[PDB]
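A quick write-up on the structure given underneath.
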Number of protein chains: 2
Amino acid sequence: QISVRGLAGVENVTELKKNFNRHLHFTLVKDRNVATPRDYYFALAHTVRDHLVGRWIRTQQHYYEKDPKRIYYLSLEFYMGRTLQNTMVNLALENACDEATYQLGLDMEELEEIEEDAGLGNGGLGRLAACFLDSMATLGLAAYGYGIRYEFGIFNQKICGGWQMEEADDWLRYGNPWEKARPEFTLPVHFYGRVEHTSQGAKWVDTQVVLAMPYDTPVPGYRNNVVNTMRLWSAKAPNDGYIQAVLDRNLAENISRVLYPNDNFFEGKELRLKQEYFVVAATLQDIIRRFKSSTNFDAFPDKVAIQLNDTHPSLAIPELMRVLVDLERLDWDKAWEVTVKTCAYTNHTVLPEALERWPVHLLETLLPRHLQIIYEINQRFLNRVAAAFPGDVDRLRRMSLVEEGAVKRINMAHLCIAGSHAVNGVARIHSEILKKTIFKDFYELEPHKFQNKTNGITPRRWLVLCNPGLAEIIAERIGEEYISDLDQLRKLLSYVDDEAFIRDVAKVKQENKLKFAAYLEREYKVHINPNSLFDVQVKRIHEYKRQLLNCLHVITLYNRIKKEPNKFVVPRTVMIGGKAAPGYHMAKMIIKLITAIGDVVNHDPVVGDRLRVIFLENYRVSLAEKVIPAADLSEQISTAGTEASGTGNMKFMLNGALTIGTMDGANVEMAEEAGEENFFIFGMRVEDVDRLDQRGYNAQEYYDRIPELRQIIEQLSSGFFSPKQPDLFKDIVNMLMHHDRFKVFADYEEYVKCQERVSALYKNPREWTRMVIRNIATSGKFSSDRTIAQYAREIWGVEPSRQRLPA
Amino acid sequence: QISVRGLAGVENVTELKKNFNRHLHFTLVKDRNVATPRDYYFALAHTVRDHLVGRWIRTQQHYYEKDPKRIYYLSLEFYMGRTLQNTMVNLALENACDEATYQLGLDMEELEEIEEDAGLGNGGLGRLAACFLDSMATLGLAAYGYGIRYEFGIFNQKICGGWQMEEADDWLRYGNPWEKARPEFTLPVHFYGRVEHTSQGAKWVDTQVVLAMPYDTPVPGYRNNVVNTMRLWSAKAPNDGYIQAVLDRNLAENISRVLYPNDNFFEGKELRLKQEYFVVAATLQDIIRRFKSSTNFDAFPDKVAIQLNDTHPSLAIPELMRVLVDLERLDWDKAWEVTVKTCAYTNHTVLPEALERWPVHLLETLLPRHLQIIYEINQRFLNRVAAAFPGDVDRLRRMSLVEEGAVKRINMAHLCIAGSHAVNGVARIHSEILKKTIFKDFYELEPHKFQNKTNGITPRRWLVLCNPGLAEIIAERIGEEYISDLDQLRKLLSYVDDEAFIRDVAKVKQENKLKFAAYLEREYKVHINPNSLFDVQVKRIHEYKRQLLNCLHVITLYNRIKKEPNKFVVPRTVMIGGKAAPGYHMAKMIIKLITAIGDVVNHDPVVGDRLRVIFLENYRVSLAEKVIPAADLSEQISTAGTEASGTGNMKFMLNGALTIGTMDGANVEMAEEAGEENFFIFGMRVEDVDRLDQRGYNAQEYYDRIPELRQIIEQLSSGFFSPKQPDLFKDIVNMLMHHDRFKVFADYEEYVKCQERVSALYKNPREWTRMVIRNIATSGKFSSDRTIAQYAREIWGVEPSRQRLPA
Ligand SMILES: CC(C)(C)c1ccc(C(=O)NC(=O)N[C@@H]2O[C@H](CO)[C@@H](O)[C@H](O)[C@H]2O)cc1
Ligand SMILES: CC(C)(C)c1ccc(C(=O)NC(=O)N[C@@H]2O[C@H](CO)[C@@H](O)[C@H](O)[C@H]2O)cc1
Ligand SMILES: O=c1[nH]cnc2c1ncn2[C@@H]1O[C@H](COP(=O)(O)O)[C@@H](O)[C@H]1O
Ligand SMILES: O=c1[nH]cnc2c1ncn2[C@@H]1O[C@H](COP(=O)(O)O)[C@@H](O)[C@H]1O
Ligand SMILES: *Cc1c(COP(=O)(O)O)cnc(C)c1O
Ligand SMILES: *Cc1c(COP(=O)(O)O)cnc(C)c1O
């Protein structure tokens, strides 16, 4: 149908059709008479998977022969989503599979909806790992993603009576055609035990063993025949009254059972610590095995890079030391030199409650040798600080890896900085804040260590796959090369006054909105006006992300309508979606508030179709691919200095939405690229937040001076949005009035005013679309290909390559 | 190589080779350079599996079209063993696969050894179900095997310091290529809750739900293109703080985790009760669904037969009533008529400790509605007894399904007789004992209900597969038809004086013994003399099976050698193998005794190679296929009246061993078929055991009157067989002297004398072999094809058919 989806050649279509039928018969053991749409999905999945295999085997043997430096990306999260369409796109099979399935009497889009998301992540950090895997394969790097194969990923979110309900994400129920179990490569991981000192060093003895079984998933590059590996570990009990002993195997296998869904507050839970060590210990054995199959560990950093995605795999640092010192018998200083040159650490937040600080007593019991190594790292590190800053005793206590107090803790971020040659933030403003605030002491000691690597998203999934209509109209003008070189989108600026292109951009958006409006009715029975402004905020529910500020605007619009009903206002569909961490009470209250506002707003006859408030249930990668192409306005309204980067912001920019946002995270660089005149910027900057903190933030002041804000707070308190439980939202009101860390009231006035400027522009479709074109055209910097190329050159010491491998 | 293994045509060999390579590449994701023998096994398994699929789909659709009466064989055990060779044999692919693999540079026999046994059973009862599945497919019956997919089958047995150690049988670790998961056909099973009475009958409410997910395994008939289904249920939790709730899913899924390995003593364990209901509830929903896809349940018994393998699935009876009465709204009397005509029950033991008697309080909590139904069945049944035998109050308490006492129990055997139209024993003597002793009252009420169905074994696995050499020399003389018509073996009697045939039979046995002698050295480092008499007792360790009597003979031979060292004795290799139930202390002591005897006997220089005692570790189906073809003497020495049938006895007879045994179980019919002169019969008959019980069994009498027996007991007591723990075997001595239920001493003298007659004949190879020929020639009755044909005609009301389906 469309050009960017590849060729539908007679020979390939014929071939796909027969392999589809072969799988339906031999693989699924079904005939056409009893086959369901799910059976047809699996037959297609296996057919497409066949095309990966040859390339997968030859890529991996190519690495064995040529022995390039290997990149190991360690993460507890890989938020992969669906694999079928992505595979077709990267292999140039989409039009051929569409044609083949059409000829068999099937709709491929319907078959695509059957696949479960691989939801092995919480949000941005997990999705970043997924985009990075795609870019690393596309750039021809010898890269491996290492993580945990959770049996249950992020919970499915049900909304019952306006409240979030969690249910198990049983994503493996019908099987996973993409993975290959490798039980032959199972490795032992040790826990507990004790440390024995002998003539020849320390020995870790009397341990309990858990087996780590790898499952490999192919990661195809974009049309370069490169297929890399994501290896995820599954926990297995070793084979050595009777009935109970067998049933107790579950205890060991619980390690890989479920993803921890708390993304707001660090809890030192033992099972989580086991998960973190499990991935680290199994992965490092793999790394060393592969290195030895190339005695001398001087070349180790020349052949290995380990990237730590946050501090979650930080135990890699003392584990590498343990292996080099205890097992390989290297002296401490040499082992440390190797470790530092091998490891690099990425930080994703400055919020203190989201930083890992493990109680010493847990590490003492679970990993006694690792604690000894950490103490030794700390002593040697603090000797360097003391020599650099003589007599500065407070610096010594501030920089210590060991935190004293009620309970002693290890600061995993401090461990990571000490043991890494590079530390990066994820957007320019974020990396600056790190140097000026929480890691200031470390920056003063080792300035060379600190870098910025602004985040990005893959334009394969986040344009070509989810928005083929926009990809096509772009390709008509400038060709197809931009898909792996997103900077080429700048060429679109010469079409900003092109009447045909303006109309096409606006047409693609309208089609996306109609399609999403139809999805909503079919799947959830909710009716929206497709001519309204699609006002979208989708992301995990957090106080810092300020879904509450959005809520206040929505109520303001409602109250204004009720005051002057016969006055014209630009119609809006306000959509808010995202999951809340199960133990995050305030986030769960915010979801309830959103639905409660909807219950009042959506049923007021005076409002009509001029304002609709919808909570988007079960927000996940597959839903993002649907809603983002349909959005007109992207809400990126975190308190300045709190959102390290954001990546959803970039997805919306690439897909033709305009952005309303604070000068926070990557928003700053986005506005810089597009021009501030083409962005809806409002609110306090970081410096204004700082000035307000020094003075003391008093929410009462805003309540007293803004009548419209007062009315909303009174409405909340009095039970206007909860008639049968008048005090339902008292926690929210109390927080806003007395202990709001994120200064919602302080940005209210400027936010509302900025929103009026948005409505004013939307009234002029031609100028709206021209501003959209200016955004899409300057979104090139935010490709994860750019991000990964910078990691490769500036941290890993390897050169990217767009050169194709033989098919 | 050999004729019975089929054709190796140029076209088939070429085809198998390329499909092997396709699976290695696309299915296993491996290249020849890194592939291991295990990879090669899996590639072959998938290639052979492909040939099943077409026939599997067409067999099942044929049943849907023709709608024949369906046979449902319900068992908690299916002792399947390995599947690869059996599949090749039944599909006539063995020579072709041998040739194809040879041309690829691989040894197929080596690849065969890689496959794990499906050890989903304990012993004879579980293996009977497996043989029955093979025969039902071979006889063209629309038969389904229904059971539980245990994650862990019968434990692997390790011997450490002479003691049995158990370890988990992780048979699914590398995957199972034979099964197909059918998650789309998952069904709910209910537990706990309470019973609510309404206007329209009872309702079972407030239950906990566990999901039953089916896995289907193909069961190919012998060269008839029939492929039936074995459906095994796996337990799954339904999808509806957070972390713990997810981890607690294990509780539900534990139902299908492990096979209970106690085959000696009934323990009323709750998890076992859950297993029994789980298989029954899921299976019956399947049966009813399939029946409704043919309102009127009058035709139900015309379209459905349910065979209960022991009382383990006895809950089928009240569950069928529950469904018909509570859900389908049939009146009680009609539902009962249907139930009785549908169900049949097979008994496998008369030993009271092995009979299921479930505590009322467990059933009350777990299955409250089923208990109500059982009580109602009992009241109506006892009203019939009272009308038939007026005033016989003791009969009423004897026949009750409810047993009064300290704890009230349900007698599941009584439930089965009441609710079945047919009750059978498993050998003629066994079925007679049932009528005369434990089920006498029931036989007097309903004589028509009671039948015999003498057990059998499949000649595919137990001759063609495990003993191809013997199968071939038989086929040379009489052709190949005997493989599915074992009675044709009678034609071999005209070759009893044929000098060529005598030599060939003796040659095949010698080759089998050399091969097994080599297996022992290679896998266990034990050295045996292949010219000795192979004296074999393999079966589960039980007091009734009297491995202890064998032990006493072995010590007698040793003591006789030590007394007269320079006297000639026929050299023997005495092999004893079998697992003991983990909680069966006496059985574990018996294993220790066997190894302890070996430790003394095998290292005495005076003995030389004249006597060797070996414990065969980890006895299982795959080991039986190796040792049975190598045996000269089959030990079948249970106390008369205790072994219901035996099936191992039949395996040895088919494979050219002579039998030493008591007149117990099927031994009686075996001796009848072969002629008593061609059997080594010794010991008390059932009547002699009865006379001894009435008198009172006093072991001291035998000790006092037999000097050779006294010496052995003194040796045991004094620590001759345990120098470092002199009192190690005190439990065994005490049992033998004071509380031996199985009268080991009473059969000692006749056993030893009979063993001398065996040695005398072995000294004359020609006459030994002629007696062997007489046994093989008359083993035809003991084919499970004969057994199943009798079930089909006399119980199920269906006609067998050797007619081939189109390929
Ligand atoms: C330590 C613990 C509380 C368990 C925890 C666990 C997970 C998270 C988590 O999911 N954390 C994020 O997604 N972090 C996100 O990372 C992306 C990518 O750089 C950024 O764009 C975004 O600004 C940042 O908030 C945060 C905290
Ligand atoms: C009730 C419980 C104690 C759990 C239990 C569980 C399993 C068994 C068990 O495995 N039981 C047998 O194998 N029984 C065997 O069945 C075969 C086939 O008919 C006969 O040849 C043989 O004589 C008989 O002992 C016996 C008892
Ligand atoms: O020892 C070897 N000989 C030949 N190829 C090898 C060897 N080891 C690894 N490979 C290749 O590398 C791949 C496996 O890589 P690895 O398991 O990640 O180390 C396989 O697909 C092989 O093609
Ligand atoms: O409704 C039907 N239409 C056509 N074939 C059916 C239907 N139901 C069952 N079958 C056939 O019967 C087989 C499944 O049988 P069942 O699941 O055991 O009842 C399938 O392989 C089909 O070929
Ligand atoms: C991109 C993405 C995120 C991250 O969004 P932010 O607005 O940057 O927090 C979270 N969840 C999903 C499913 C995503 O795709
Ligand atoms: C045949 C068989 C049995 C049954 O043997 P008996 O001597 O009849 O008890 C037990 N286990 C296995 C593995 C068998 O093959």
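Just so it is clear, the values below take in all heavy atoms, side chains as well, and ignore hydrogens, waters and symmetry mates. For ligands, and for the atoms within them, numbers begin at 1 and follow the listed sequence. So you know, we letter chains A, B, ... as the sequences are listed, proteins then strands, and number each from 1.
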For B:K545 and B:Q636, test the side chains for any donor-to-acceptor distance below 3.5 angstrom and give the result as yes or no.
no
Just need the protein heavy atom nearest to atom 22 (C) of ligand 1, so name the residue and atom and give the distance.
A:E643 OE2, 3.4 Å
Under 4.0 Å between a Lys/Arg side-chain N and an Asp/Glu carboxylate O for B:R620 and B:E625?
no
Pair B:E543, B:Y584: side-chain N/O donor-acceptor within cut-off below 3.5 Å
yes
Considering A:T346, A:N262, A:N455, which one's heavy-atom position lies nearest to atom 6 (C) of ligand 1?
A:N262
Nearest-0.5 Å distance that lies between atom CG in A:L654 and atom CG in A:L463
4.5 Å
Looking just at side-chain N and O atoms, do A:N122 and A:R540 make a donor-acceptor pair shorter than 3.5 Å?
yes
Against heavy atoms of A:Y544, which atoms of ligand 1 measure under 4.0 Å?
25 (O)
Heavy-atom contacts under 4.0 Å between A:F265 and ligand 1: side chain, backbone, both, or neither?
backbone
Would you kindly say whether A:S431 and A:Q451 are connected by a side-chain donor-acceptor distance under 3.5 Å?
no
If the cut-off is 4.0 Å to any non-hydrogen atom of A:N122, which atoms of ligand 1 fall inside it?
10 (O)
Could you find the nearest protein heavy atom to atom 7 (C) of ligand 1 and give me its residue, atom name and distance?
A:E77 OE2, 3.7 Å
Suppose we measure from atom 11 (N) of ligand 1 to each protein heavy atom; which comes out shortest, and what is that distance?
A:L125 CB, 3.9 Å
Show me which atoms of ligand 1 lie under 4.0 Å from any heavy atom of A:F266.
3 (C)
Residues A:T346 and A:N424: side-chain donor-acceptor under 3.5 angstrom
yes
Identity and separation of the nearest protein heavy atom to atom 1 (C) of ligand 1
A:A354 O, 3.6 Å
Working to the nearest 0.5 angstrom, can you tell me the gap between A:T454 OG1 and A:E669 CD?
3.5 Å
the protein heavy atom lying closest to atom 20 (C) of ligand 1 turns out to be A:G646 N, 3.8 Å
Just jot down the ligand 1 atoms closer than 4.0 angstrom to any heavy atom of A:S645, in number order.
21 (O), 23 (O)
Can you name the nearest heavy-atom pair linking B:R546 to B:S638, along with the distance?
NH2-O, 3.7 Å
heavy-atom search around atom 24 (C) of ligand 1 in the protein gives A:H348 O, 3.5 Å
Would you please classify the geometry between the A:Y544 ring and the A:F742 ring as parallel, tilted or perpendicular, with 30° and 60° separating the classes?
tilted
Looking at side-chain heavy atoms only, is the closest gap between A:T458 and A:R127 below 4.5 Å?
yes
What's the separation between atom CZ in B:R461 and atom CG in B:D134, rounded to the nearest 0.5 Å?
8.0 Å
If you scan protein heavy atoms around atom 8 (C) of ligand 1, the nearest is A:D263 CB, 3.7 Å
Do A:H430 and A:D664 have side-chain N/O donor and acceptor atoms under 3.5 Å apart?
no
Run the numbers for me: atoms of ligand 1, each under 4.0 Å from some heavy atom of A:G124, listed by number.
13 (O), 16 (O), 17 (C), 18 (C)
Close N/O pairs between ligand 6 and protein, under 3.5 Å:
{"unit_1": "ligand 6", "atom_1": "7 (O)", "unit_2": "B:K539", "atom_2": "NZ", "d": "2.7"}
{"unit_1": "ligand 6", "atom_1": "8 (O)", "unit_2": "B:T647", "atom_2": "N", "d": "2.8"}
{"unit_1": "ligand 6", "atom_1": "8 (O)", "unit_2": "B:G648", "atom_2": "N", "d": "3.1"}
{"unit_1": "ligand 6", "atom_1": "9 (O)", "unit_2": "B:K545", "atom_2": "NZ", "d": "3.0"}
{"unit_1": "ligand 6", "atom_1": "15 (O)", "unit_2": "B:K651", "atom_2": "NZ", "d": "2.5"}

